[PDB]
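Notes follow the structure.
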Amino acid sequence: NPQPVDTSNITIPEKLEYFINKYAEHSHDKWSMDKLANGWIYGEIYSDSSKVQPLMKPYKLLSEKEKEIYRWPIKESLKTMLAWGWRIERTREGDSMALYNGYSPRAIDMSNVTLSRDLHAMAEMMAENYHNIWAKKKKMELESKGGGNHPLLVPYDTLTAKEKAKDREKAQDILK
Amino acid sequence: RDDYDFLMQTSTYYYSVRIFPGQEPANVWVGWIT
Amino acid sequence: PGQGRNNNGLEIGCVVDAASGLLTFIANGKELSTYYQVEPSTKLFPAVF
């Protein structure tokens, strides 16, 4: 039975707004890298035929609607990690960077960061929760449409490494 | 750009170390030892 | 100050003046405040820790 943790009653603190904004900008940067490397059509205007929809303007220049598509996954991510009683705080380094401070993207590589044992463990556990959320959604839609059994609807332990790669890398990205 | 006579008469030598992206600069020291 | 860490690899340039025994460093086109003065006949090995 897929039972993701409940996040309705949890509220993200105010100091995490800057984190949410930064992560959303970074996600937009990665997505721009992805599509530009793919061969996407650059966003000067809004033309349907030439596939120029997202406009790839700076996250500064994105509207609130396009800002939410990145922030919301981060919102439930923070809600999930906080609903587990975890203590997240901005350290002296965060205070120091706060004191310190047409679109050409620049996204830092994240695989360079080395993750510790404990953070790795909670990374796999939150990836398990992510898979549980996806499994619940998949189950709901499959008995909504009344047919088919998806192979990936299997316990996270029984999932393979390649099948768990998405959730593992998303957890590693947020922790990193 | 540079002066050929100054290069011939000088005794100043140079090298450089490029810490690649992904390696934290705080963990790297650059200089000379005996 | 915390930089973008993507513009280029951090290129620290070590300069040694053997005629005067002066050791200077350049962070990125800018001369660093730290400098060293060495005794004559010193042998210096370019080292990185």
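Residues in the structure tokens are numbered from 1 in each chain, the chains being A, B, ... in the order shown, and ligands are numbered from 1 in the order shown.
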At a cut-off of 12 Å, can you tabulate as a tab-separated table every residue of chain A near chain B together with its closest atom pair and the distance in Å to one decimal, using only C-alpha atoms and ordering rows by chain then number?
residue	atom	partner	partner_atom	distance
A:107	CA	B:21	CA	11.9
A:108	CA	B:21	CA	8.7
A:109	CA	B:22	CA	7.3
A:110	CA	B:22	CA	8.1
A:111	CA	B:22	CA	8.3
A:112	CA	B:22	CA	4.9
A:113	CA	B:22	CA	7.1
A:114	CA	B:22	CA	9.8
File of the preceding selection, N, CA and C atoms, as an mmCIF file, in the first residue's frame:
data_model
loop_
_atom_site.group_PDB
_atom_site.id
_atom_site.type_symbol
_atom_site.label_atom_id
_atom_site.label_comp_id
_atom_site.auth_asym_id
_atom_site.auth_seq_id
_atom_site.Cartn_x
_atom_site.Cartn_y
_atom_site.Cartn_z
ATOM 1 N N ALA A 107 24.794 26.814 -15.145
ATOM 2 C CA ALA A 107 24.429 25.902 -14.071
ATOM 3 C C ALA A 107 25.661 25.162 -13.570
ATOM 4 N N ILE A 108 25.900 25.241 -12.260
ATOM 5 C CA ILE A 108 27.009 24.527 -11.639
ATOM 6 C C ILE A 108 26.738 23.030 -11.650
ATOM 7 N N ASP A 109 27.786 22.255 -11.914
ATOM 8 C CA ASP A 109 27.717 20.808 -11.775
ATOM 9 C C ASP A 109 27.504 20.449 -10.312
ATOM 10 N N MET A 110 26.637 19.469 -10.065
ATOM 11 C CA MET A 110 26.301 19.083 -8.704
ATOM 12 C C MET A 110 26.915 17.754 -8.287
ATOM 13 N N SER A 111 27.276 16.893 -9.243
ATOM 14 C CA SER A 111 27.882 15.608 -8.915
ATOM 15 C C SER A 111 29.231 15.763 -8.223
ATOM 16 N N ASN A 112 29.850 16.939 -8.321
ATOM 17 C CA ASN A 112 31.130 17.177 -7.664
ATOM 18 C C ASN A 112 31.022 17.126 -6.144
ATOM 19 N N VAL A 113 29.843 17.418 -5.591
ATOM 20 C CA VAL A 113 29.680 17.442 -4.142
ATOM 21 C C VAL A 113 29.748 16.024 -3.596
ATOM 22 N N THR A 114 30.448 15.858 -2.476
ATOM 23 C CA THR A 114 30.559 14.575 -1.796
ATOM 24 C C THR A 114 29.550 14.539 -0.655
#
inquiry  = Counting only C-alpha atoms, a student should be able to say which residues of chain C come within 10 Å of chain B; what is the right answer, written as an NGL selection string?
reply    = :C and (4-27 or 42-49)
What are the closest atom pairs, with distances in Å to one decimal, for each residue of chain A lying within 10 Å of chain C, using only C-alpha atoms, rows by chain and rising residue number, as JSON lines?
{"residue": "A:93", "atom": "CA", "partner": "C:2", "partner_atom": "CA", "distance": 9.9}
{"residue": "A:96", "atom": "CA", "partner": "C:2", "partner_atom": "CA", "distance": 8.8}
{"residue": "A:97", "atom": "CA", "partner": "C:2", "partner_atom": "CA", "distance": 6.8}
{"residue": "A:99", "atom": "CA", "partner": "C:1", "partner_atom": "CA", "distance": 9.9}
{"residue": "A:100", "atom": "CA", "partner": "C:1", "partner_atom": "CA", "distance": 6.8}
{"residue": "A:101", "atom": "CA", "partner": "C:2", "partner_atom": "CA", "distance": 8.9}
{"residue": "A:106", "atom": "CA", "partner": "C:6", "partner_atom": "CA", "distance": 7.5}
{"residue": "A:107", "atom": "CA", "partner": "C:6", "partner_atom": "CA", "distance": 7.9}
{"residue": "A:108", "atom": "CA", "partner": "C:6", "partner_atom": "CA", "distance": 6.3}
{"residue": "A:109", "atom": "CA", "partner": "C:6", "partner_atom": "CA", "distance": 8.7}
message = One number please: atom CA of residue 122 of chain A to atom CA of residue 141 of chain A, in Å, one decimal.
response =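 Result for atom CA of residue 122 of chain A versus atom CA of residue 141 of chain A: 28.6 Å, one decimal.
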message = Rounded to one decimal, what separation in Å do you get between atom CA of residue 75 of chain A and atom CA of residue 20 of chain A?
response =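 Computing it gives 7.4 Å between the two atoms.
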message = Give me, as a VMD selection string, all polymer residues having an atom no more than 12 Å from residue 104 of chain A, counting only C-alpha atoms and skipping those fewer than 4 positions away in the same chain.
response = chain A and resid 28 to 30 32 to 33 36 42 to 43 56 to 59
ask   = Within 9 Å of segment 157-160 of chain A, counting only C-alpha atoms, which residues qualify if same-chain residues fewer than 5 places away don't, as a ChimeraX atom specification?
value = /A:128,152,165
task = Fewer than 6 positions away in the same chain doesn't count, so skip those; otherwise give me all residues within 9 Å of residue 82 of chain A, counting only C-alpha atoms, as a ChimeraX atom specification.
result = /A:7,10-12,88
Would you save the residues from that selection as a short mmCIF file (atom, residue, chain, number, x, y, z; two decimals), in the first residue's frame, using N, CA and C atoms?
data_model
loop_
_atom_site.label_atom_id
_atom_site.label_comp_id
_atom_site.auth_asym_id
_atom_site.auth_seq_id
_atom_site.Cartn_x
_atom_site.Cartn_y
_atom_site.Cartn_z
N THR A 7 1.79 16.00 4.34
CA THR A 7 2.40 17.32 4.42
C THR A 7 1.38 18.46 4.42
N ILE A 10 2.01 20.81 7.60
CA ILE A 10 3.34 21.37 7.81
C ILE A 10 3.48 22.65 6.99
N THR A 11 4.19 23.63 7.54
CA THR A 11 4.41 24.91 6.90
C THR A 11 5.90 25.20 6.82
N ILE A 12 6.35 25.62 5.64
CA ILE A 12 7.77 25.92 5.44
C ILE A 12 8.11 27.24 6.13
N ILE A 88 16.81 21.75 9.91
CA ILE A 88 17.53 22.46 8.86
C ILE A 88 17.76 23.89 9.31
#
Point-to-point distance from atom CA of residue 26 of chain A to atom CA of residue 9 of chain A, Å rounded to tenths =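 According to the coordinates, atom CA of residue 26 of chain A and atom CA of residue 9 of chain A are separated by 27.5 Å.
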inquiry  = DSSP on the backbone: which residues in chain C end up as strand (DSSP E)? Give the answer as an MDAnalysis selection string.
reply    = chainID C and resid 10:17 22:26 31:37 45:48
Helix (DSSP H, G or I) call set, DSSP backbone run, chain A, as a PyMOL selection string = chain A and resi 16-38+64-83+92-100+117-145+161-175
key: Close residues, residue 60 of chain A itself excluded, 12 Å, only C-alpha atoms, min 5 positions apart in chain, as an NGL selection string   = :A and (21-22 or 24-25 or 28-29 or 66-67 or 102-103)
Save the residues we just selected, C-alpha atoms, as a compact mmCIF listing (two decimals), in the first residue's frame?
# COMPACT_ATOMS: atom_id res chain seq x y z
CA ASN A 21 14.09 30.86 -4.92
CA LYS A 22 17.72 29.79 -5.40
CA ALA A 24 14.10 27.14 -8.48
CA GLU A 25 16.56 29.33 -10.40
CA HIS A 28 15.53 26.45 -14.46
CA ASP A 29 19.23 26.75 -15.32
CA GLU A 66 6.30 29.95 -14.52
CA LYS A 67 8.05 30.54 -11.19
CA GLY A 102 17.92 37.26 -23.64
CA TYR A 103 19.25 34.59 -21.28
